[PDB]
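The structure tokens that follow cover one protein chain in two forms, given apart as structure 1 and structure 2.
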Structure 1
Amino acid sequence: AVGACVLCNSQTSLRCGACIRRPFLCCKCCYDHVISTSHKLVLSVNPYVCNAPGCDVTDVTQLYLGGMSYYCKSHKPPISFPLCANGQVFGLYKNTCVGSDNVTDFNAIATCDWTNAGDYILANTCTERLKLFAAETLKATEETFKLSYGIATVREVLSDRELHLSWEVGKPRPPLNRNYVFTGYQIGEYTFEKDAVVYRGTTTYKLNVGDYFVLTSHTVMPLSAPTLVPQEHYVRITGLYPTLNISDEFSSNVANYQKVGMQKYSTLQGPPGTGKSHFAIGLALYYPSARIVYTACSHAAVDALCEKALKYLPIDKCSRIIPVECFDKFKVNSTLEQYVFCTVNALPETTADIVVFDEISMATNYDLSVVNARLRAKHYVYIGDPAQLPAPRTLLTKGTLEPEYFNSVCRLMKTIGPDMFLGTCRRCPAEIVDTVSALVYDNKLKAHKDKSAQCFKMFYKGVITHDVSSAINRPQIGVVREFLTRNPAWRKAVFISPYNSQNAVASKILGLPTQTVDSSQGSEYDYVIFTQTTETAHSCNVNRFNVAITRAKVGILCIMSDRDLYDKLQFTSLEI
């Protein structure tokens, strides 16, 4: 009942009872909260409510201190004082209170519903203490909203991978994609996709009629550590001990490795195929005695760091921390190993000489705080690319979230700039590099490869159907099918689109492996076939387009719906 104010850290006995997270607010910050918002319930050792029998007055602006108890205007004794007075709510430490000038930010964070991009902008431009309050409050809203969806019950099972579902009436249905993971009843986690639904479970299980699936609402724990520790700059490499000689394969990074050792935290922007994993593992080779924790939000990102480490680091010194199918070539759950590879959600409480946090565009401020709370490190290295994709914000429906508001690290990379930048793309044909360099990298990304002369574009609007909110463009797929008959080397291509439903139709008609742009991030393929499917904000987002066309190592075919993006592609145009 006694804590530190969320705005100014002053000691207080007050909490807002209307906020979902019930933050501490000092006497001065609490007044500015209740006097400007619909939040009028204040909590202390005892709740600020009228204590007379039968009275239901809970609005603190209508309550008075009489004796040691609280009463409304109709019940208060003659010798009383208002709880709200002199810009201050009565509590404890009323004289120590310092107040704050950012209460208008607090009030917006505390009262918003997280459906507007402007809510996320404020959550990333406020003070550090407010960033934590916003992250906790958003996550709580996301989890509680997951209870509003209807339950799905198995009516009949058609095969080992398809079934028919019944949906609870009166409640809305969750989208059927690989992002919405359901818990079965605990028969394990299940995902569904599109009559019949295709189902996928972590384990094979005999699914009976009546079994049900629900979205799993995770409880939300309070944050304590900042999203970024306060920065420090050192006069020399601190806590690290460089090798005498490093293999020339990594020598081009030595100046950046020295910079890592000379400040508390460092940021590295690495465009697609510029060597982010190579950099991260080279760090271990340059500081061979350093204990390094490699982390990221997704198992796929951790696994990729593992694959690189397997080639360059001693296998006996590595461990993959596993609470799905993860990398299996290291010892599992050996927390004490020199090199530990772990997703953020599974991090143990440990110390390290260096923490490497990869795929930073996909992190939220909640993730950044958890990493700092769990990992006490001498140095922190944030690796990623604000021109790539962010974590989905399930509640956001109004407005687009720009990269400078993805999280605290992306914000720094977009305002003051990254500490380090890998400027040579080694993966893609020059036609692609030149396109994305101008599109999102201010022309600073260089191509190592030549033009491939296997990069093609076609403008074809087609016909857009929809399966709920997922779009399908069958004519665009028909164009691809005709292209394949004439370009047989592309039978090994991967089909990519912004929409799951389009991928499902392409899979059936074309037979190629398919991937959504978002799922493709971090992967590379020789040949890519991309169908824009529609012209929407989703399908024209430059970050998403950047990711889509930089998957290719040799050739890409883009079937485009949007004239502006089509014209930017520095590809040979095809006719048909």
Structure 2
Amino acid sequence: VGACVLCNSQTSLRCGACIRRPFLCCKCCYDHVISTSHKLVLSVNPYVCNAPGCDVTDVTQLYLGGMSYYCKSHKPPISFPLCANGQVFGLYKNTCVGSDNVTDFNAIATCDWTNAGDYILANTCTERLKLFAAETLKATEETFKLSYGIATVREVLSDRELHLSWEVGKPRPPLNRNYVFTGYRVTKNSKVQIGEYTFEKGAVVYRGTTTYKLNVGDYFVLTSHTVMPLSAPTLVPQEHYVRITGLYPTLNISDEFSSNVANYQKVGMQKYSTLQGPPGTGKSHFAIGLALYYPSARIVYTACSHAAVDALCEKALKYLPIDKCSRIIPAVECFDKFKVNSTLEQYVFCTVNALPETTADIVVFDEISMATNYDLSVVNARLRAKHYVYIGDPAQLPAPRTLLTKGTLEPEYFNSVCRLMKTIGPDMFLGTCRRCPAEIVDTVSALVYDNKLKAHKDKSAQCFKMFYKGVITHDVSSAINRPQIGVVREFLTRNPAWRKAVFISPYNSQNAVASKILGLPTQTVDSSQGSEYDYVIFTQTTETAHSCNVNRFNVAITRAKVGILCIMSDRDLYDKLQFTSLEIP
């Protein structure tokens, strides 16, 4: 028994064909089964023919006879159809409201999540269907991971370099960072974990979490997880106040946090607030300063990634008493300078998935662009807070959507928070970039920030762009542009100072070839998010949707403190770069 995900009406029915088995009311179950392929219905029991070796499961071909379910062919003379009167038969028949249209629910229930349109719907439907969609998508993502073949160590060539044998009649996952494996040793009658791993083309390179002397018949699978049901909204109902509520402003604050005093007061005067922090504008400084402005406030700092949490930890360690901080860790190497798993500590740093059920004066949820609606709901379920602050940048990268192949995901569809920030605007904006030369700031100010982002630094004059398509080769899941690397090679010979540069591209394969040819450290745009370097060399590699995506371009060029070389495939983004043009040697 439970609540219908369309009406809320009490019900004894779940759709057995839906992967999350959502409770549907007599009417909503009916409208769902007759307008889709979903015909298996579950109650206290499953609506299936309780006849011996009858296969009939379709509820519309089934009848209650006695206290058992039968099809047409096996039913007793005294029976009634389970599925008639615009209703499916279960408890609480007399309390059932229905809906005008069941169309959004059916689309969520039946879509394969390969098209942007599925995520648009998941983010504009009713709040109750946002949760259904978020569960459904996530269960679908975890199942897609099982669809991948096992990789088995066929030969150890060296340290860090292997030969894999792949399970026949199942696809191989992409060999990039967005696919994290887990090793396993063959035991008497079982298997035991041996740390997570990632692979890249060579033979394959592997950069595992822990170190080992792994040997033949050792195997690797992407760890999939049980997805729990969601209950809490993606956002609590908003409230505006006429005074700061449940918080006590400090009387003395350092001129280090004085720029955020108005913002800090705004946090205290509504239930939740959104802070758009562009690259290098002081998001973690904001987040910790909030503790100093409200010194008695119990604050839970959360984010999706251990790295995002640890960065809040590093910033805390420098401003907050260490004995008032705790890092929550469940039973990967993260931040180890705070007492571990002390929930009742004033300052709690903890990833979304490991959050305890607790209260707080303020919840700071950082790197919000990377959050899914699933994450947003979990936080609301675990943390009852007086104030929620959502910090991030809808102009930066979202969580990879492993299943999305067709269409682009616009930032207003990344999650409910980014939706608000893109529709009504952010509550608070960090308007001054301290990281980047003015050429980069000016470029992205106009590209994605509506000319509201201001440079601290002057022009560097070390910001260059070259228009060069070169030559694109494709391997199994990546792109390579050797001539764009050649242009970088010739540039470096005439500009040896740039040998301190980081190499960035939209493709792991481009990066692997650049690494060998240039010896620069490499990053994907996606892995560079949150990092900064003095000098950046960027090869666009292709002009795909992937490589021209404005959020990815934005992250790519805002990594640079001093200089950047952009080797561009795309005339559009080339013409938007406010950088000195260089001809081709």
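All residue numbers here refer to structure 1's sequence, counted from 1. Rigid core: the largest C-alpha set superposing within 1.5 Å between the two forms.
The two rigid parts rotate relative to each other between the two structures, and of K414, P77, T104, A85 only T104 lies at the hinge. Here the chain moves as two rigid blocks between the two structures; the smaller block's rotation against the larger, from C-alpha superpositions, is 11°. Taking the core as the fixed frame between the two structures, we note the C-alpha of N51 moving 5.3 angstrom. For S10, the CA shift between the two structures after superposing the rigid core equals 1.5 Å.
In the core-superposed comparison between the two structures, the CA atom of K131 travels 0.4 Å.
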